[PDB]
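Notes follow the structure.
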There are 2 protein chains.
Amino acid sequence: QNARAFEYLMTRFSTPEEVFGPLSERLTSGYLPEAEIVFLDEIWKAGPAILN
Amino acid sequence: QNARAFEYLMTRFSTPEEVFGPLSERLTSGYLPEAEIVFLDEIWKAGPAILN
């Protein structure tokens, strides 16, 4: 009944401020911490900060 | 009868605030969300936030 989708493509130069939300304390309105179903395309090419 | 154009050149340091309009909630007056035909030159060099 209440589910929010999230489509994102992981790149080689992707930053955590564009997946979970940029900070100002972090503007995470509609991203990953408040999403029922998340989609991450091409996960075998992300950075070390997003993997941790 | 009612169509708006949009010409923009994607650079290596382009930000989504200059393509989809800057935020204040987002000043999208004549940019991409309200445009019938959009033109993006050199799309093979944009950032990860604009491509997603």
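Does region B:28-42 hold any residues that are part of a loop (DSSP other than H, G, I, E, B), loosely packed, with under 12 Cβ neighbours inside 10 Å and of a type in the set (A, V, I, L, M, F, W, C), and which are they?
B:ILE37, the sole residue that qualifies.
State whether the residues of region B:15-22 include one that is part of a loop (DSSP other than H, G, I, E, B) and more than 23 Å from A:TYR8 (Cα to Cα).
Checking region B:15-22: not a single residue is part of a loop (DSSP other than H, G, I, E, B) and more than 23 Å from A:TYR8 (Cα to Cα).
Looking at A:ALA49 and the list (1) touching a helix residue (DSSP H, G or I) at 6+ places or on another chain (Cβ under 7 Å); (2) in a helix (DSSP H, G or I), which single condition is not satisfied?
Unmet condition: (1).
Taking the options A:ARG12, A:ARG4, name whichever one is within 12 Å of chain B (Cβ to nearest Cβ), over 11 Å from the mean Cα position of the chain (by Cα) and exposed (fewer than 14 other Cβ atoms within 10 Å of the Cβ). Even if it seems obvious, please write down each step before you answer.
Details: A:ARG4 fails: within 12 Å of chain B (Cβ to nearest Cβ).
Just one listed residue meets the conditions, A:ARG12.
Every read-out reported here was derived from the displayed coordinates using simple, explicitly stated rules and does not represent laboratory data. Positions of Cβ are backbone-derived with ideal geometry, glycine not excepted, and every protein chain shown enters the neighbour counts.
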